[PDB]
Amino acid sequence: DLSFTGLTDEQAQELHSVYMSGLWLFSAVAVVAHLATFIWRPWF
Amino acid sequence: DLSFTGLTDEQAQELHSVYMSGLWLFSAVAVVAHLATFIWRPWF
Amino acid sequence: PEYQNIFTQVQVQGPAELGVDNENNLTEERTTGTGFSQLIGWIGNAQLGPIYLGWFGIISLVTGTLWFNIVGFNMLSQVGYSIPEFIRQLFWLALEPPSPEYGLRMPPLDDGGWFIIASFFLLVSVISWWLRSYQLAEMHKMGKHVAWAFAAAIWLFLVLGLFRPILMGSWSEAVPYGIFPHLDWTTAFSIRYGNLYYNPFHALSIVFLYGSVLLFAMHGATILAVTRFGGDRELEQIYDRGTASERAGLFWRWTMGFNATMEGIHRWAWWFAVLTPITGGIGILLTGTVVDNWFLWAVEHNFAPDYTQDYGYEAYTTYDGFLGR
Amino acid sequence: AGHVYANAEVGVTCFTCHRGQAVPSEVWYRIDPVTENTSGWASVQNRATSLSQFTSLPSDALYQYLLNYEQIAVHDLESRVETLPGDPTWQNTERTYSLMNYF
Amino acid sequence: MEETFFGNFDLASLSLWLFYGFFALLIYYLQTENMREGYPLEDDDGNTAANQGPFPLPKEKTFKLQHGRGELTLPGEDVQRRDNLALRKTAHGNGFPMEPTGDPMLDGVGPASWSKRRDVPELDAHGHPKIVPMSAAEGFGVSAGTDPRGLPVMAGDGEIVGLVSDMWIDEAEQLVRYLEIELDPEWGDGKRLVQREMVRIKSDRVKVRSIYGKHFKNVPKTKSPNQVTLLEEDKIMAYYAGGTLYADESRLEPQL
Amino acid sequence: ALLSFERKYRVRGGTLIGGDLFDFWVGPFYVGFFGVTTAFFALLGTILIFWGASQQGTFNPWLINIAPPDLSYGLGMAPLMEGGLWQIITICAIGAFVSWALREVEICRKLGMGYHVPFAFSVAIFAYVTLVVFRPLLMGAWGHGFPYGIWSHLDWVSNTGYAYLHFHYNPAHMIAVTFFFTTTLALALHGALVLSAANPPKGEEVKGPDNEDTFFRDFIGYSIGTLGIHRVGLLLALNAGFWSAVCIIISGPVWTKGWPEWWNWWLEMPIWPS
Amino acid sequence: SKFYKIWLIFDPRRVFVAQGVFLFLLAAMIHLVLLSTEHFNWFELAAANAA
Amino acid sequence: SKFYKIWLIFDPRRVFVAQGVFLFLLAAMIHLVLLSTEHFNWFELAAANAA
Amino acid sequence: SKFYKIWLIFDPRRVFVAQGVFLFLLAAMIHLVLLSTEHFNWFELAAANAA
Amino acid sequence: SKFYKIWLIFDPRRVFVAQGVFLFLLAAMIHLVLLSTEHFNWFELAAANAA
Amino acid sequence: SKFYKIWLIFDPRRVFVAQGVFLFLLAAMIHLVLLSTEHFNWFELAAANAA
Amino acid sequence: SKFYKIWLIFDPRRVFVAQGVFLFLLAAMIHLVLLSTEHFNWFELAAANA
Amino acid sequence: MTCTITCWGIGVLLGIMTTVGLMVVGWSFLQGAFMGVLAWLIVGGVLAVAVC
Ligand code: BCL
Ligand code: BCL
Ligand code: BCL
Ligand code: BCL
Ligand SMILES: CC[C@H]1c2cc3[nH]c4c(c3C)C(=O)[C@H](C(=O)OC)c4c3nc(cc4[nH]c(cc(n2)[C@@H]1C)c(C(C)=O)c4C)[C@@H](C)[C@@H]3CCC(=O)OC/C=C(\C)CCC[C@H](C)CCC[C@H](C)CCCC(C)C
Ligand code: HEC
Ligand code: HEC
Ligand SMILES: COC(C)(C)C(=O)/C=C/C(C)=C/C=C/C(C)=C/C=C/C(C)=C/C=C/C=C(C)/C=C/C=C(/C)CC/C=C(/C)CCC=C(C)C
Ligand SMILES: COC(C)(C)C(=O)/C=C/C(C)=C/C=C/C(C)=C/C=C/C(C)=C/C=C/C=C(C)/C=C/C=C(/C)CC/C=C(/C)CCC=C(C)C
Ligand SMILES: COC(C)(C)C(=O)/C=C/C(C)=C/C=C/C(C)=C/C=C/C(C)=C/C=C/C=C(C)/C=C/C=C(\C)CC/C=C(/C)CCC=C(C)C
Ligand SMILES: COC(C)(C)C(=O)\C=C/C(C)=C/C=C/C(C)=C/C=C/C(C)=C/C=C\C=C(C)\C=C\C=C(\C)CC/C=C(/C)CCC=C(C)C
């Protein structure tokens, strides 16, 4: 029952679900940005 | 019985198990990252 | 705006404070003559209190005058006793050290002989003043930090004019007694032995010289910032910590992650100032006696930067282009 | 020709030094003693003279270096040397620096 | 000597590394001497913190206090600790500001917080209290600047909360410490002290901007009108500085 | 972690901008709006230094050298590896220094203390600002700023010093240097008095302000007091920073000849006989 | 997995500030690194491409 | 084994922050080390391969 | 998706001021970056284009 | 043996940070020493082998 | 013999910290001394043997 | 003789730490001084014998 | 005060007046400024003491 921030297990579980929604969306945009740049001028 | 941080014996075990799971995932990415780089330009 | 405690806005003057006393009987050698200056009282204490004149103080004052007079009489005689020319060239005249051809032997009076005699009285005068600081602390039953800090300054003072010339085997290595000439010596000393910038101890002394001004700006500002909590009464804040010491500590803890105590600040203050001439004395003592060229020492030890660009002005512009024609 | 034709064909003519004067300007004489009560290294400096370049540096730098072929170089050419007597001192550096403000 | 001990490690290089060892020892000595007060670290909840820093606590040093006030060893239990603080944590974790549970200036928290110093007056070399009113002080008088006695006192909101009846001086150092304010009945009841460092003295008035007119009635008082203890000194000075943030909501809220 | 007395001071408020969005502590450090910008500017500037060090070919801290562009580039932007990186790091450094000073304002506002420290730091910032932007602006090129190297920026000082043929003769340098040697003089003696009074010989009572007040009265005949030494002490160091800023901003924008030649006004005064 | 427990020890409004600076630090730093190179400096490549 | 007892000695919050700073400084340093070398500088190699 | 909860942890009025300053400074910075170049300096292009 | 009593002398939580910093500074320095030598610099060896 | 009494005079904590620091600095110095010499520099000798 | 009375004057703690620092610095100096000489430098001598 | 500052203000104004006055009759700005600085210190100091 460790909680240094006071958030319960369900409270952080639902917050972390949103965090990955932002993280994956940010990564998804980064992938398309990286994919487009590689087609433009590849670095490999 | 001995704990300078206040964590219980079972609380630390739960925290460490997730930490190792994160450690292996981070290391697994690095291994694939190193493997891709070695095929790109080997350093041995 | 809020009152920044920079100038006192009201002064109170009472009976002159003659000072504390104990069984050492300080009052015997005190002048018992006091004066109050309201001009200096705006920023500091206004009482020009009595001075304890002992035998270390008198000998230092008398011998210091002899060094001052011998230098001055020589400078006056250097310009042929022309007072208008002596005043005009005051910043340029000096008592030059002996010529290098004489080594450590006594040179002629006109060729640095009076320099050694004047230096002899200056050395006695400076050491006597240090003994006064040591004796006064012992007779005041306080620590000898004033004497110990002074000894650090004397260390560079002794190295510059007494220790290094002896080690170098020539009295010519001393510093001339002039306003501009000891600046010329300072520049010539750096040029003669390579580049004194690349002396690690000169760099180290600059670190503590910069740190001393940096700390004592920090300590002065912090105390004035907490002087609304009686922070200027540091001693009472050491024996009984008030909120002045707490906020002063917490200001620097929240700014840079660590702080000091009201007493521990002066240990930082004492040591940074004391290390300025201690490292400088070592750097000067190692100059000529050991190294003789510091930039080549830097190149040998691989910390002299290397530049790849060209050096001439023709590589960057033309003479006509610079002149705009 | 290696100096007056350094960059271009500048050259030197009679007008270069005189500039319309019977005696060229910026000529110098040996004001060596300058100081009255001193001799040696103390009698060539420590006074703002015409040749000292507004400094207390030696005023005999032009005489010693540009007329008497004295050694101008003062640095030690390696990291550490044995400072044997007769080597250039800070006084020689002071005189070299005096000539060199003139440059 | 111009010979290298090994490689390019000469006497100049040897002295440099000798100073590196000394400076490292000096830094350790200086930092530990700075830890005589405030440690152990503890956390927001008040329990001892898990982390205590790389530097260990120094050995106890003993101060022989004068005027028969006993000894003092700084590394130890701190008598200046304040209990029953009126604060609550805004977060369950660490590193977050505390929210005062009542009036921050009345409770003495934050900029208005004082320290539990000794409840005795500071004494000079002679032994009598250091800070005394000029009425009690003998031979003292104004020598320069504007005399604030009799001038009205203006608060931070422009209210006139009384006039300066007397000013307390440090006769040991011949320095003005406080100004007594004879609070008007409409604002206060008796006399309040304001430190010289938080009051700006003009030609016709003395202005203190940290404290509004309504906060003078709550300024801490002194037990006696002839001396002020270190505890009363700490409470009085902290109250005025607490007004720099707690006089009105505008001061506490961000300026932009 | 906290201190034994830190809890009662960690209160909400005192920010200049951002309110409670950033108002928290990370470890002992206070993080504000300007602590966020300090972290961004300091990290970006530090990384760009090591990025420039990587392409420079050496990571040796002594030999790292991020130099300003050539004087031909003027006040415009240069290629990032032809001096343009120095311009960005300067922008990051200026942003980090100003944020650091503004962060100190929030810290001392939350503690209800005076703003002397951020003001005193602003003088140090001004001394840096007059060295990196003000003087290059007056001289018309960013190449007049000092490079960002531990030993490379000493060569700039040495060359700029000898750019006026004897830099000791700079009148403002004399005033500024006199303040450094005296600020360390005041620091040594002031630190000694408090230490001597608080640490008397073993077995003897500690001393109060009177004993140190009468010590330099017995020593040098005058004592400026406990409060006065900090007041003159801040002024001595601030004047050291200010006059150092002056001596370099007049060297080249205001005075182009040798600094010894400046003293020619005193030598050839009409009163002096020929 | 159970990485959601990272919010049991790290408070959301103190880490999001930490990553906000870090993410923009990376975004600004990497772009400047590309601008330093002569091959990935898209600003000068437009000039080179247009001649 | 019993390596989990490191958290009875070390606070999880301060260690995680410690490695987060350390691991990124690792990643930044190593990436910069390769960028210093002429062989592993992928930015210059793109220019060479483009020809 | 469910990003509306970001205002449950960050003060809306504090964030808006912070992001307003960030957006303008970023906009001013990028505009000055364009002005530093030759290809994308619209002020210089007009002079060059007009004879 | 009886070496376990070192923890009766040293605080475990202060030694571990001390050796954690020491071990990495050890590891970095030996890596940097190897890189300085021309024989053991694997970055230049990779460049030489590729040729 | 009877040297155990040194711990009645020296604090075990202060000496052990000093001894640990002194031993490594002494060990580092001697290793650095050998590297300076051209006969005991094992890094340069490995290159010589390989060539 | 009866030199044991020196400890009635000198604090054993302060003398022992001073002696330990003095002994190593003296020992290090003599080792360094020998390394400076051309004769007793055992590192250079071993190279010569090779 | 209200009188020492005024006397100090009078002295610095006279120093500026003596600075420009010497430039008009020849001299130089730096030579004139020194006499102006000297006039500010002497006349200002004398006034600050002679009249209070
Ligand atoms: C070299 C070839 C391309 C190039 C290749 C790439 C590639 C490849 C990528 C980028 C990516 C990015 N590039 Mg680029 N990029 C180039 C030139 C540019 C130029 C320009 C003027 O030339 C610009 C402006 C950018 C800008 C950017 C950003 C759009 C983005 C990185 C985001 C970041 O660092 O901060 C983000 C950090 C933040 C934390 C800032 C947050 C600030 C705001 C105000 C915070 C508001 C939060 C508040 C609480 C409100 C919350 C609301 C939420 C929406 C719910 N690039 C060149 C032309 N660029 C990278 C990316 O990730 O894109 C997604 C990417 O993958
Ligand atoms: C071209 C010039 C050379 C140069 C050549 C030197 C030389 C030469 C020296 C220094 C030294 C110093 N240099 Mg350097 N230095 C240069 C560039 C710099 C720069 C810079 C920004 O460029 C700086 C900041 C410095 C800074 C410093 C200080 C760190 C240091 C002096 C220590 C001290 O406090 O002295 C203060 C100490 C004293 C003044 C002497 C003690 C005085 C005695 C005790 C007092 C007696 C008083 C006397 C009796 C008169 C009393 C009269 C009263 C009225 C009664 N240097 C360049 C490289 N530098 C010194 C050093 O090396 O230290 C290791 C030194 O000798
Ligand atoms: C040939 C050399 C010439 C010479 C040429 C110069 C030149 C050229 C200069 C000086 C300047 C100075 N010289 Mg000089 N000078 C010479 C001889 C000397 C001697 C001596 C004993 O011989 C001395 C004492 C001095 C003394 C000084 C001071 C007047 C001044 C030093 C800089 C300054 O004040 O700080 C001011 C600088 C700052 C306050 C730095 C600001 C720091 C910032 C705000 C914070 C830094 C944070 C940073 C990121 C670190 C953080 C990292 C970690 C997290 C902590 N000079 C010789 C003759 N001198 C320098 C000057 O005045 O600069 C203004 C100057 O440019
Ligand atoms: C030379 C050939 C390849 C190369 C080969 C490799 C190899 C091989 C590796 C990398 C690695 C990495 N490379 Mg690389 N790399 C190259 C060029 C690049 C470039 C570029 C623009 O050119 C970039 C951006 C990167 C970037 C990266 C990162 C993806 C990664 C380093 C992570 C690290 O150091 O910090 C880590 C930072 C931290 C630990 C802190 C992160 C901070 C965040 C914001 C904290 C959030 C925590 C918060 C609580 C949320 C928690 C949520 C959890 C999910 C619960 N590389 C070249 C092209 N690179 C190294 C790596 O680590 O891979 C994994 C790796 O092994
Ligand atoms: C009154 C003038 C004196 C002074 C005062 C002063 N300095 C101060 C303060 C005060 C009152 C502070 O409160 C503040 C502080 O907190 O100090 C601990 C500070 C400070 N002055 C400092 C140092 C310092 N002071 C110096 C001098 C002086 N400062 C004067 C003597 C010098 C000199 C002479 O060079 C230095 C180096 C810092 C310890 C601190 C400022 C901390 C700071 O700015 O933090 C934010 C930035 C970073 C953590 C890193 C930023 C990195 C950059 C983005 C890139 C690099 C830029 C830089 C140009 C690098 C150049 C390197 C080469 C030159 C080697
Ligand atoms: C580089 C300078 C140099 C050049 C070239 C030069 N002179 Fe001279 N000249 C001198 C110097 C030095 C003096 C001595 C100073 C003096 O007498 O005023 C001098 C003096 C003289 C004098 C004597 C002045 C007197 O006081 O009576 C004459 C005549 C003379 N020059 C003629 C010439 C002529 C004609 C030329 C052109 C060919 C010429 N000089 C070019 C350097 C030179
Ligand atoms: C036109 C360039 C010129 C100027 C201006 C100049 N130098 Fe020189 N300098 C020289 C020449 C030529 C020499 C060579 C003399 C010799 O070695 O006989 C020299 C030699 C020196 C030496 C001797 C160094 C060594 O031991 O070889 C010093 C000292 C010196 N210069 C310092 C300075 C200083 C300080 C300045 C700044 C005022 C300066 N120089 C400016 C041309 C000049
Ligand atoms: C020097 O070297 C060179 C080669 C030059 C170099 O470049 C080296 C580069 C190097 C080393 C880069 C190393 C990169 C690394 C480490 C990558 C870190 C990046 C990471 C980890 C990505 C996080 C993404 C987080 C987001 C974007 C979350 C979105 C958050 C959203 C907004 C959700 C939150 C919203 C809510 C509503 C919460 C719910 C709230 C309640 C329920 C209340
Ligand atoms: C200079 O020399 C040159 C040659 C250049 C050089 O490069 C030298 C290089 C040198 C010396 C390498 C030095 C590197 C070393 C030593 C490697 C350390 C690296 C290590 C150790 C890896 C840790 C990984 C930890 C993670 C990444 C965990 C992930 C954490 C996850 C996220 C779990 C957290 C999740 C939770 C839910 C919370 C916990 C649970 C509860 C709260 C229940
Ligand atoms: C300069 O160049 C030249 C000249 C060439 C030069 O190099 C000169 C070299 C010179 C001069 C060398 C000077 C070296 C000297 C003098 C050697 C000192 C070195 C010594 C003495 C070695 C101590 C070793 C002690 C250990 C390793 C204990 C280990 C203890 C372990 C860890 C057990 C833990 C201990 C406990 C007690 C447990 C706790 C118990 C209870 C709590 C019950
Ligand atoms: C109006 O009154 C009259 C009277 C007319 C007058 O003119 C007044 C006097 C006037 C105006 C002279 C003004 C003096 C001036 C400007 C001098 C400035 C002085 C300066 C800058 C000092 C430089 C630093 C020198 C060092 C660093 C020394 C250190 C050397 C010490 C001393 C060590 C001892 C040396 C020895 C050699 C030992 C000898 C002993 C034996 C051999 C036993």
Side-chain angles (χ1 to χ4, degrees), chain A residues 2-4 16 22 26-38 40-41, chain B residues 11 14-27 30, chain E residues 5-6, chain F residues 59, chain G residues 1-10 16 19-31 34-35 40-43, chain H residues 7 12 16 19-20 22-23 26 29-30 33, chain I residues 3-4 6-7 10 15-16 18-19 22-23 26 30 33-34, chain J residues 1-9 23-24 26-32 34-35 42, chain K residues 7 12 16 19-20 22-23 26 29-30 33, chain L residues 23-24 27-35 42-43:
Chain A
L2 183 63
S3 183
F4 283 145
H16 187 73
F26 183 83
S27 296
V29 179
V31 166
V32 186
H34 271 72
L35 188 153
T37 315
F38 194 88
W40 181 56
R41 296 179 67 87
Chain B
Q11 270 176 18
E14 182 65 26
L15 196 145
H16 186 73
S17 89
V18 194
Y19 175 83
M20 299 306 297
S21 172
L23 181 136
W24 294 129
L25 173 70
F26 178 84
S27 296
Chain E
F5 301 126
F6 50 90
Chain F
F59 280 95
Chain G
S1 195
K2 64 179 73 175
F3 284 163
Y4 71 92
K5 313 214 183 269
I6 193 70
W7 310 116
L8 270 65
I9 62 170
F10 287 166
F16 285 0
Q19 88 167 1
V21 188
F22 171 75
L23 282 190
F24 190 62
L25 178 81
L26 281 188
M29 183 278 288
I30 300 174
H31 277 98
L34 304 183
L35 286 179
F40 292 100
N41 190 336
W42 59 99
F43 284 122
Chain H
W7 309 120
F16 286 9
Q19 66 182 178
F22 163 79
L23 282 192
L26 206 60
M29 163 190 78
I30 305 183
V33 164
Chain I
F3 289 145
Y4 72 89
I6 193 70
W7 314 116
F10 283 158
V15 159
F16 288 178
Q19 67 89 30
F22 163 80
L23 278 186
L26 187 70
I30 300 182
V33 163
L34 261 52
Chain J
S1 188
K2 260 198 280 213
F3 286 165
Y4 66 89
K5 302 166 163 293
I6 190 76
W7 310 118
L8 307 176
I9 302 288
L23 278 191
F24 174 73
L26 193 60
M29 156 199 87
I30 307 183
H31 276 97
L32 290 179
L34 259 57
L35 284 177
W42 54 98
Chain K
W7 309 117
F16 285 4
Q19 176 188 275
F22 162 78
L23 279 192
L26 178 68
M29 171 188 73
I30 307 181
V33 164
Chain L
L23 276 191
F24 174 75
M29 168 179 74
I30 307 183
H31 278 96
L32 282 182
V33 167
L34 292 177
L35 284 178
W42 56 99
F43 291 126

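Indexing begins at 1, ligand by ligand and atom by atom, following the structure's order. Any value given below was found using the heavy atoms of this structure, including those in side chains, with hydrogens, waters and symmetry copies removed. A, B, ... follow the sequence lines: proteins, then strands. Residue 1 opens every chain.
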Within 4.0 Å of atom 57 (C) of ligand 1 (strictly less), any protein heavy atom? yes

Pair up each side-chain donor or acceptor in residues 14-22 of chain B with any protein partner under 3.5 Å, not counting sequence neighbours, and list the distances.
unit_1  : atom_1 : unit_2  : atom_2 : d
B:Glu14 : OE2    : G:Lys2  : NZ     : 3.1
B:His16 : ND1    : H:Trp7  : NE1    : 3.1
B:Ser17 : OG     : B:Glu14 : O      : 3.1
B:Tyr19 : OH     : H:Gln19 : NE2    : 2.8

If you count every heavy atom of other residues, nucleotides or ligands that lies below 6.0 Å from B:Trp24 atom CH2, does the total exceed 12? no

When distances are taken from atom 14 (C) of ligand 9, the protein heavy atom at minimum range is H:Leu26 CD2, 3.6 Å

Which atoms of ligand 10 are found less than 4.0 Å from any heavy atom of J:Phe3? 33 (C)

Taking 2.8 Å as the upper limit, name the protein N, O or S atoms near atom 14 (Mg) of ligand 1. G:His31 NE2

Among protein heavy atoms, which lies nearest atom 31 (C) of ligand 9, and at what distance? B:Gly22 CA, 3.7 Å

Partner residues of H:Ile30 under the side-chain contact (heavy atoms from CB on, under 4.5 Å) criterion, sequence neighbours left out: H:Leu26, H:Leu34

Donor-acceptor contacts, no H, no angles, side chain residues 28-38 of chain A, under 3.5 Å, sequence neighbours left out:
unit_1  : atom_1 : unit_2  : atom_2 : d
A:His34 : ND1    : A:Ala30 : O      : 3.1
A:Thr37 : OG1    : A:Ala33 : O      : 2.6

Around atom 10 (C) of ligand 10, find the nearest protein heavy atom and jot down its residue, atom name and distance. L:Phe24 CE1, 4.1 Å

Minimum distance, heavy atoms only, to atom 7 (O) of ligand 9: which one of H:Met29, J:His31, J:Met29 is it? H:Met29

Looking only at heavy atoms, is any part of K:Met29 under 4.0 Å from ligand 10, and if so is it the side chain, the backbone, or both, or is it neither? side chain

